[PDB]
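Only one chain is given next, in structure tokens, and it is the form deposited in one PDB entry.
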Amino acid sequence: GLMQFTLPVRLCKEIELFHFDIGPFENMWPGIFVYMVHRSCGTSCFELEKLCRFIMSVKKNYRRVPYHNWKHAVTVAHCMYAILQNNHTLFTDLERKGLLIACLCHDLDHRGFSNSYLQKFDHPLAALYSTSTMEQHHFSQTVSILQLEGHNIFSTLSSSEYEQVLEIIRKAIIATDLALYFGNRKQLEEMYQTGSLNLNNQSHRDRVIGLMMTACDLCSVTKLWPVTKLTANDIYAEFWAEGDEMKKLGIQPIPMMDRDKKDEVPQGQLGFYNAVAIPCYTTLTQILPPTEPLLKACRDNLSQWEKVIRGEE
């Protein structure tokens, strides 16, 4: 009850910044997550014993894949923490509760393959979930873990607050399907420019939380350049393995997943920053001005990829 998680001084200060890297010590990640729940939500939000059991079962249900792993989950939850702490008064107690959980859970049981590869392989998940295949799976794994004995961190909520939090988590997880982001961001851009954007409209908040989810999920592009560049290596290690698997099915992968296009990576990152990342953090900064450091760090990393192309790095 009188028990506070604390961090060494460098971590206690840097965890508050958007560009924080959670580090290579796996055994500190649970503590880092509880620290963030306690400060964004309160020591009162969850029973510590239930929360600890939930976190450890979530970790066990992430796989040892190069990118979509337990480190990615905690990284995406820290970006959410930074958004919530810089926009204190914009969010309900249930949103604060749900969104860090949604972030920790958003890629549960990922196998390192895209929705498109499950559909071409004809994986059973592709017949159970026709669109947002993995993202419906991640939400289904989150519910499974919440129903294990001693793992219901939400047991203090009413039937209706419980139904609301699971609905916030479901939408937040579904929104991490990047196929859905493009249309979400265009609707948000238009609503903001014509001044129709209204945070009392539930379906507007839903879209804003959707964009916050894309922003957290993409947050590797908002780190210090060596973090950005080394994470890119993990991202391609997956994509290229998927490319190999496409060739095994007799299918030319897209360029992004073809390891023979290794040399064009600097240019693929440019398209990605211009087509996806920069527009994501721009719209986010218009709607939530204190998230600007994410846009500023993304722009810095774009000009680092530009330098790689010019042969200056």
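When you see a residue number, it is the position in the sequence shown, counting from 1. Think of the rigid core as the biggest set of C-alphas that the two forms share within 1.5 Å after superposition.
Only in words, not in the display: the form deposited in another entry, which the text now covers.
Participant: Spell out whether the Cα of residue 23 moves at least 2 Å between this form and the one not shown when the two forms are superposed on their rigid core.
Facilitator: Where the cores coincide, residue 23 still shows a C-alpha shift between this form and the one not shown that is 2 Å or more.
Participant: Rigid core aligned, does the Cα position of residue 56 differ by 2 Å or more between this form and the one not shown?
Facilitator: No; that C-alpha moves by less than 2 Å between this form and the one not shown.
Participant: Taking the rigid core as the superposition reference, indicate whether the CA of residue 251 shifts 2 angstroms or more between this form and the one not shown.
Facilitator: Shift of 2 Å or more: yes.
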